[PDB]
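Here you get one chain, nothing else, as structure tokens; it is the form deposited in one PDB entry.
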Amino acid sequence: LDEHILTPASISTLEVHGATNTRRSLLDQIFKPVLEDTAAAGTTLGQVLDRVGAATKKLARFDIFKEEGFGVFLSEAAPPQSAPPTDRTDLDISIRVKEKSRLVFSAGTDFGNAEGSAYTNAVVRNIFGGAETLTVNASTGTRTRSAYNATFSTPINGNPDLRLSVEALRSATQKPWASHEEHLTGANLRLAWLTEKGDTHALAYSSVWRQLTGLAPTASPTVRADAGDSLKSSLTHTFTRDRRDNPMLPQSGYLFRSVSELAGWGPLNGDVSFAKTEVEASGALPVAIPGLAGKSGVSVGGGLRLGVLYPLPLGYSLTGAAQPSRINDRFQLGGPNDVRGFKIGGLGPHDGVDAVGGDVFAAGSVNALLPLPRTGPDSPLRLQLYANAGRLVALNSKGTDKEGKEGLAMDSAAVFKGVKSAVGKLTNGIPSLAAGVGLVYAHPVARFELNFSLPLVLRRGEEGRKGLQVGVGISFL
């Protein structure tokens, strides 16, 4: 009630129902801080209620409980404690929650049919009663290269924020733009962690075996030269600060994302050695017309993405000969989830029709969501005008002289000069730019977007789409 929040109260007993398969230590380190938070003992009905709400939100993070089954019963404590310092100081709450199914197994099998399509989905959950989750996603095709996935996740010391995951995968990515396919086989070791401020750090070690095969008949000489076997043992750190009100339809706030990766150098061992870092910064500023009241829905957003791929020597020395990057690791630009108005991988160096990558890139965006007439601002539908632009250049040793008979080995000075020249090439000349209008759907699971594009400036050999282009996913420029 409005006047009920003034009365101080203390949490005497905390009862939890429906957690028959959860360890006591799991709830121990989260519910005692809730339990002893009544130290203030002043107008506690206005603070401990939100504290309990935050506690149950933390409970939801374990994934082991059903969201539609979160129940919180509150009742004044019948025991009449002697000489109550405040009115109704004795107060107990009841929490009832139902766990999810302890084993989900979606064995969709077509064993009689030649195309097995046995997407096994062993999602064995809450092993040992500490929110440990084991996921198996094995699958098979038409007697082709069978897929394989196996992830084991576990919170560290019963902390839902700090979670450690081990994954073993075997997939086959198709790259139509570069006229080949990638065969990935390796294991990862991630340590995700959610900061109290809301940031999300993630340290991952990956050791995958890449394989370029299945070259199309139109494969370029670059793709042919880069085909073969490679192992990438890399250490990568991902940092995310998502302050946007709605990730699918960002109307206010900002997002900062950084993906820094180090491969092959030092203790890591592999066929490729580099230091790749990407920085993404986004934002949106609401624009309220003074004539209209409330949320107008008009916002002026923006974005900016940068990336540098620095070749490094293999060993413990920062000064040594470094090999040039391969098409596996080079960046790709263009597409609906990228600079719009261009084909998937429509920016950067192009060997014939194949879209080979680049070493540095710089993309940008300036959009403006607009509300549709006779439609509420809260509706997910919105009208968008964008001005996407981007650049993607590749490193070369043109400046350095006396390469030597033995090739594909650039010294530190040569690599530094090439990186400087590549970064300088971004500044001179108008970037590849495209503009257009379209409608954006803010579906909660993933954003949908269809726009009419019109490329304006681009380099020769780049591919742009002048018609209707559709875009789905969660990451947009």
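Definition used throughout: the rigid core is the maximal C-alpha set that superposes within 1.5 Å between two forms. We number the residues from 1 along the sequence you see.
Trainee: One third of the other compared structures is the cut-off here: is residue 77 left unmodelled in that many or more?
Mentor: In at least a third of the comparable entries (those modelling both sides of it), residue 77 has no coordinates.
Trainee: What about residue 419, left without coordinates in a third or more of the other entries of this protein that model its neighbours?
Mentor: No, residue 419 has coordinates in all the other entries compared.
Unshown form deposited in another entry; subsequent notes refer to it.
Trainee: Would you indicate which listed residue, out of 183, 257, 88, 102, moves its Cα by 2 Å or more between the shown form and the other one relative to the superposed core?
Mentor: It is 88.
Trainee: With a threshold of 2 Å on the C-alpha, tell me if residue 396 counts as moved between the shown form and the other one once the core is superposed.
Mentor: The answer is no; the displacement is under 2 Å.
Trainee: Taking the rigid core as the superposition reference, indicate whether the CA of residue 266 shifts 2 angstroms or more between the shown form and the other one.
Mentor: No, its C-alpha moves less than 2 Å.
Trainee: Please say whether, between the shown form and the other one, the C-alpha of residue 113 moves by 2 Å or more once the core is aligned.
Mentor: Residue 113: C-alpha displaced by 2 Å or more between the shown form and the other one.
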